[PDB]
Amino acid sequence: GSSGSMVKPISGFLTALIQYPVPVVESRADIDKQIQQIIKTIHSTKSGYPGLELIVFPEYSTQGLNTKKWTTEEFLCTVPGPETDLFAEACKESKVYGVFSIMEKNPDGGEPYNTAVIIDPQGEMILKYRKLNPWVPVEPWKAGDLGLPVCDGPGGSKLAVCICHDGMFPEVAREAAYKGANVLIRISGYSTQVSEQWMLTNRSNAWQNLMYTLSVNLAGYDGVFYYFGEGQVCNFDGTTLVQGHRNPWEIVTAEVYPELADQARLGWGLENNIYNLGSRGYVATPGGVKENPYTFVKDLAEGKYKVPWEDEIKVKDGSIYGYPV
């Protein structure tokens, strides 16, 4: 990749990551005002960067983090719904791919999901993802049930999205890559608690999988936490190409060349780790050793991952934040 210009590059695409100000949301009218602001930002960012093809908004940019109201019906939406339809129309008008965050009413009447979507330049929803790893114990969201999907994006990209806490699990980035993604998008609403670990994992998620990472967090203060922004683009070898600071409204742009990541995946010998993981020691054993050597992988596959100190873990429900058990 590169820090880029304002044009569609010959190889690849231009992205803008928006360090969107954290919303303070008290009612549905406030959600409508965030929707209008997000839409305004799509058009304005396209006017400033005419070659733009992928614009990325953070987790909670639509609805905020009003922890006293965020699972009320007033604060939830269907996906797709009227709100994603408005985002879609704006993506169609500006001819961009957009990434949006919606807290989603559960269609079966159970606990709501934390959802991300990608909409293409024709206004079609091409990816819907439900956050696999809610940020417990503060978050009430149901664990996502759609796996980690991938879609075709601009400039030969294969895109996956993950949300905030998801990106701390190397299993999320590995899965994205395994499903074919050469660009992992991470949209986020973290407080300052993990500012260093955000940058660190954006780099490791990239390197381990020969995959670009594009990552952005909300920025500013909502009366409880400060959200750090730190929009970040990492090359497929883990090198940071562009890094935002902690200001509301910082825009982080870069040229990304997906073909280079694909080529490394096809071409690399030493450090072709995405391939090596499941085909070990291929010089000694033609084709590589396929059997799994990791007990955690077996246990997790079987739905019985259990750390040996689990009985002594103190925080296992939401009571510390006042959620009923």
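One rule holds for the numbers: they count along the sequence shown, beginning at 1.
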If you average the CA temperature factors as listed in the entry, which stretch comes out higher, 147-155 or 226-234? 147-155
Going by the entry, of stretches 65-73 and 296-304 the one with greater average Cα B-factor is 65-73
I'd like to know which of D120, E104, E175, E196 has the highest C-alpha temperature factor in the PDB entry. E196
Of the choices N205, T253, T78, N133, which one's C-alpha carries the largest B-factor in the record? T78
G220 CA temperature factor, ranked by third within the chain: lowest
Where does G98 sit by CA temperature factor within its chain: lowest, middle or highest third? lowest
How does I35 rank on Cα B-factor within its chain, lowest, middle or highest third? middle
For the chain shown, is the CA B-factor of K290 in the lowest, middle or highest third of its modelled residues? middle
For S279, the third of its chain into which the C-alpha B factor falls: lowest
